[PDB]
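All Cβ positions, even for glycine, are placed from backbone atoms using ideal geometry, and neighbour counts span all protein chains on display. Basis: the model, the stated rules and, where named, an outside source; no laboratory instrument gave them.
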Amino acid sequence: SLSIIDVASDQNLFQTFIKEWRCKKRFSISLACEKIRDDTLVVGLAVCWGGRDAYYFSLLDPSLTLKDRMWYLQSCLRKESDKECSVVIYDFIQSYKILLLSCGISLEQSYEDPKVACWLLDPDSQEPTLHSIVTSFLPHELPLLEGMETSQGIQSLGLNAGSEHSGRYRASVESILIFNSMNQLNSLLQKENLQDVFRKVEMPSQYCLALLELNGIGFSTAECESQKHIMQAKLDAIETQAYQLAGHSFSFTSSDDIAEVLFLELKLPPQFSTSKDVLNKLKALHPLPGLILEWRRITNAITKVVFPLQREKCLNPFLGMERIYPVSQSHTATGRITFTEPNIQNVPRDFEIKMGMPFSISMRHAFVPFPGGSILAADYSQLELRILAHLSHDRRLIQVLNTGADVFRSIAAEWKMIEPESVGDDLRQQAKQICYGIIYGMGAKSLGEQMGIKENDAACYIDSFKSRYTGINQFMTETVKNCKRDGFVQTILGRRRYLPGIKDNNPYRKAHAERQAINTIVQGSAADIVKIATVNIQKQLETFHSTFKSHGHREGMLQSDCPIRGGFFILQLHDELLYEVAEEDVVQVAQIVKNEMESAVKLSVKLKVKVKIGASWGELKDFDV
DNA sequence: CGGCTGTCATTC
DNA sequence: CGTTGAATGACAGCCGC
Ligand SMILES: Nc1ncnc2c1ncn2[C@H]1CC[C@@H](COP(=O)(O)OP(=O)(O)OP(=O)(O)O)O1
Ligand SMILES: [Ca+2]
């Protein structure tokens, strides 16, 4: 029927409690809430290291101590020294978000997050939930959970459907279920040779990602609203530039209103459709296909961009600057990492614009460091290529790379016209796009499309590239055959993705899976290296500079009852590592970043790292030896 | 009426 | 039928009790 424990009886109860507690290695933790949403209103923590029994830590209802208990919890929760114990929670980053932000305890020890293990098993799985896990993992204990009906986030976040059961009940049941279960999961991971890869790599990723997600990132509405009115100007100005040719009752917003003049005065449609086809016109016809490019691009650049940023921005009182907070995601099929409150990964790239007298805009320039700071970006110069170079061992690429400076510049140099350089970056980026598209098996006719040429000509070009490098086709078809013999691919860490569709009869699921093996291995391992560089950098950053960790921890200083120095984790562009750093340590910071990104693990080629630096989000790069 | 599958914008 | 991969958000249809 019942077993739980309030840990308050005068003293002795609580005392033998911490006395046991301090000794234990593996243990589990969960909290709960009630109302009011940040929030500091949290009922109390709960802990269990095993068995049907569980311990609760309040904040019946007896008394002696007050601030005391919180101190004990602190002392218990961190790694004095040399004493290495681990701790588990359903999801992670937000529980640590609370412990730091709500009550001001910076938890530091070894960490184990089970939904991440569950994911590490099945990258294609959908977003594990409690009920799903205790179902798939802890059966004989399960039925009890069914008194509640919530599974998305933890039992604190499930506060509503739990509200009829809410209290210590939720924190405790989450604690114990999580403990037996995570014991089972860890059994499963060690049952493969993934455990070193789990505890000693990806949980640290969740960690680094977390103190980031606390860092947030800097923003200035003055810039946002500046380029805002810029864009409004080009909006209406292009409206009249358009209706100078005709105009007939027009507004761009409606595609059916567009059907009128488009289908009428021009007549070339190879609902109807819109975009690709009119780009096909943007090459050739001058009379306002590209007016539609600039207009449509503008609208996307405002409504799906300026609005949400100007919405869900917040401020740090501790800075005097406003910043915005993403969320750690992971759960990518490859193992790459994304962010959603907005996603600032896809934020628009700078582009030029017409009103000599030209102009240019950057939606992204509005991200600033703190007043004293500057932003450091460390980009991998063509990492995945190097990876494929390692696995195919194509010596030819190893040489074309170990020499070539942005080998895209060479590909461009021999392609649309011969120029040695003075290659515009719009072109450079188009080239990068076409090529990376090819490597994973771009379609022949579509290649003919992006370059603008005929089918068989483009196909003879692809065949030409198999001829140029066969180590690729070797590695390629071979790894396909392995995916049939096994049914999964494997990234270098030993993390592996299950491709079900590779064996399927339907030609499409089979084709898609063939390429999918390729991209999954290379992008997956790419993201792996990146994670490793992140945790390296941050772990060094941690003790090496004796100041402290990240922006949440200030707020932690106010609850635990100054100058600004360090550099802080901000973002990952998957090969790019994004830091803001005080303009002090920026050189030290830079050489550390270069160092740990190049020092992840050694392989067939050296990984050059271009490192850009400067005020705001648009920038310059140089450093010397 | 909510899961499910797809076009259509942007990234890397 | 659907032949670059990984993403995020909208939006629109389709089932199917
Ligand atoms: N269109 C695409 N399709 C597939 N994979 C792609 C891709 N674009 C990028 N990747 C993968 C493979 C590369 C990786 C990051 O590519 P960057 O855009 O950062 O360009 P990088 O190659 O690093 O050259 P740099 O510009 O840095 O000099 O993401
Ligand atoms: Ca790059």
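Quick check on A:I292: is it within 16 Å of DNA strand C (Cβ to nearest atom) and in contact with a helix residue (DSSP H, G or I) (Cβ under 9 Å, 6 or more places away or on another chain)? Spelling it out, it is not the case that A:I292 is within 16 Å of DNA strand C (Cβ to nearest atom) and in contact with a helix residue (DSSP H, G or I) (Cβ under 9 Å, 6 or more places away or on another chain).
Filtering segment A:118-158 to residues that are closer than 20 Å to A:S28 by Cα and in contact with a strand residue (DSSP E or B) (Cβ under 7 Å, 6 or more places away or on another chain) leaves A:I154, A:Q155, A:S156. Remark: pairs (first residue in segment A:307-321, on the phi < 0 side of the Ramachandran plot; second residue not hydrophobic (A, V, I, L, M, F, W, C); Cβ separation under 6 Å; 6+ apart in sequence or on different chains) = A:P308/A:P342; A:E312/A:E341; A:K313/A:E322; A:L315/A:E322; A:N316/A:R323; A:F318/A:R554; A:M321/A:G218. Selection of segment A:25-70 for residues being closer than 28 Å to A:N186 by Cβ and out of contact with any strand residue (DSSP E or B) (no Cβ under 9 Å at 6 or more places or on another chain) yields A:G51, A:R52.
Against the condition within 16 Å of DNA strand B (Cβ to nearest atom), farther than 16 Å from A:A210 by Cβ and not charged (D, E, K, R), how does A:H140 come out, does it pass? It is false that A:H140 is within 16 Å of DNA strand B (Cβ to nearest atom), farther than 16 Å from A:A210 by Cβ and not charged (D, E, K, R). Have a look at A:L577, A:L603 and point out the one that is within 16 Å of ligand 2 (Cβ to nearest atom) and not assigned by CATH to the domain that holds A:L493. Going through A:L577, A:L603 in turn, just one is within 16 Å of ligand 2 (Cβ to nearest atom) and not assigned by CATH to the domain that holds A:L493: A:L577. Please specify each residue of segment A:303-325 satisfying the condition of being buried (at least 17 other Cβ atoms within 10 Å of the Cβ) and within 14 Å of DNA strand B (Cβ to nearest atom). Matches in segment A:303-325: A:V305, A:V306, A:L309. Taken as a whole, the structure places A:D426 among residues that are under 34 Å from the mean Cα position of the chain (by Cα) and acidic (D, E).
Considering only residues of segment A:334-362 that are aliphatic (A, V, I, L, M) and touching a helix residue (DSSP H, G or I) at 6+ places or on another chain (Cβ under 6 Å), which is farthest from A:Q588 (Cα to Cα)? Residue satisfying both the conditions and the ranking: A:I361. I'd like to know if segment A:353-367 contains one or more residues that are assigned to a strand (DSSP E or B) and within 16 Å of DNA strand C (Cβ to nearest atom). Taking every residue of segment A:353-367 in turn, none turns out to be assigned to a strand (DSSP E or B) and within 16 Å of DNA strand C (Cβ to nearest atom). The selection criterion, being of a type in the set (A, V, I, L, M) and loosely packed, with under 14 Cβ neighbours inside 10 Å, holds for A:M417. Listed by first and then second residue, the pairs with beta-carbon distance under 7 Å, at least 6 apart or on different chains, first residue in segment A:584-596 and among the β-branched types (V, I, T), second assigned to a helix (DSSP H, G or I), are A:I592/A:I537; A:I592/A:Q540; A:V593/A:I537. Number of residues in segment A:390-418 that are more than 11 Å from ligand 2 (Cβ to nearest atom) and not in a helix (DSSP H, G or I) equals 9. Do we find that A:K531 is basic (K, R), within 16 Å of DNA strand B (Cβ to nearest atom) and over 28 Å from A:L194 (Cβ atoms) in this structure? Taking the combined requirement at face value, the residue does not satisfy it.
The helices (runs of 4 or more DSSP H) located wholly in segment A:1-111 that include 1 or more residues which are more than 28 Å from the chain's Cα centre (by Cα) and among the small types (G, A, S) occupy A:67-77.
Look at (1) under 23 Å from A:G524 (Cα atoms); (2) under 21 Å from the mean Cα position of the chain (by Cα); (3) within 16 Å of DNA strand B (Cβ to nearest atom) and you find that A:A366 fails only one, number (1).
From the list A:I337, A:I387, the lone residue that is under 29 Å from A:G218 (Cβ atoms), within 16 Å of ligand 2 (Cβ to nearest atom) and either crowded, with 18+ Cβ neighbours inside 10 Å or of a type in the set (S, T, N, Q) (or both) is A:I337. Close contacts from segment A:428-455, counting a first residue that is within 18 Å of A:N473 (Cα to Cα) and a second that is more than 16 Å from ligand 2 (Cβ to nearest atom) and among the acidic types (D, E), with Cβ to Cβ under 8 Å and a gap of 6+ residues or different chains, come to A:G441/A:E514; A:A444/A:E455.
The residues of segment A:143-154 that are more than 29 Å from the chain's Cα centre (by Cα) and surrounded by fewer than 16 Cβ atoms within 10 Å (Cβ to Cβ), listed by number, are A:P143, A:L144, A:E146, A:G147, A:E149. When we screen A:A600, A:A615, A:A582 for residues that are in contact with a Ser or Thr (Cβ under 7 Å, 6 or more places away or on another chain) and either buried (at least 16 other Cβ atoms within 10 Å of the Cβ) or among the small types (G, A, S) (or both), the only hit is A:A615. When residues in segment A:419-457 are screened for being away from DNA strand B (no atom under 15 Å from the Cβ), farther than 27 Å from A:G524 by Cα and not in a loop (DSSP other than H, G, I, E, B), 6 of them pass.
Residues in segment A:155-198 that are outside any helix (DSSP H, G or I), of a type in the set (S, T, N, Q) and surrounded by fewer than 23 Cβ atoms within 10 Å (Cβ to Cβ): A:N160, A:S163, A:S166, A:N193. Filtered by the rule that a residue be assigned to a strand (DSSP E or B) and more than 16 Å from DNA strand C (Cβ to nearest atom), segment A:371-387 gives A:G373, A:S374, A:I375, A:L376, A:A377, A:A378. Based on this model, can you work out whether A:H140 counts as farther than 27 Å from A:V201 by Cβ and either exposed (fewer than 13 other Cβ atoms within 10 Å of the Cβ) or touching an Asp or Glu at 6+ places or on another chain (Cβ under 9 Å) (or both)? Against the criterion (farther than 27 Å from A:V201 by Cβ and either exposed (fewer than 13 other Cβ atoms within 10 Å of the Cβ) or touching an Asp or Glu at 6+ places or on another chain (Cβ under 9 Å) (or both)), A:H140 qualifies.
Taken together, the criteria place A:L31 among residues that are within 26 Å of A:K115 (Cα to Cα) and surrounded by 13 or more Cβ atoms within 10 Å (Cβ to Cβ).
Which of the residues belonging to segment A:235-261 are surrounded by fewer than 15 Cβ atoms within 10 Å (Cβ to Cβ), part of a loop (DSSP other than H, G, I, E, B) and within 38 Å of the chain's Cα centre (by Cα)? A:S251, A:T253, A:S254, listed by residue number. Of everything listed in (1) under 27 Å from A:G441 (Cα atoms); (2) among the charged types (D, E, K, R); (3) under 24 Å from the mean Cα position of the chain (by Cα), the single unmet condition for A:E596 is (1). Given the criteria surrounded by fewer than 17 Cβ atoms within 10 Å (Cβ to Cβ) and either touching a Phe, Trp or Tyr at 6+ places or on another chain (Cβ under 8 Å) or assigned by CATH to the domain that holds A:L401 (or both), does A:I361 qualify? In short, no.
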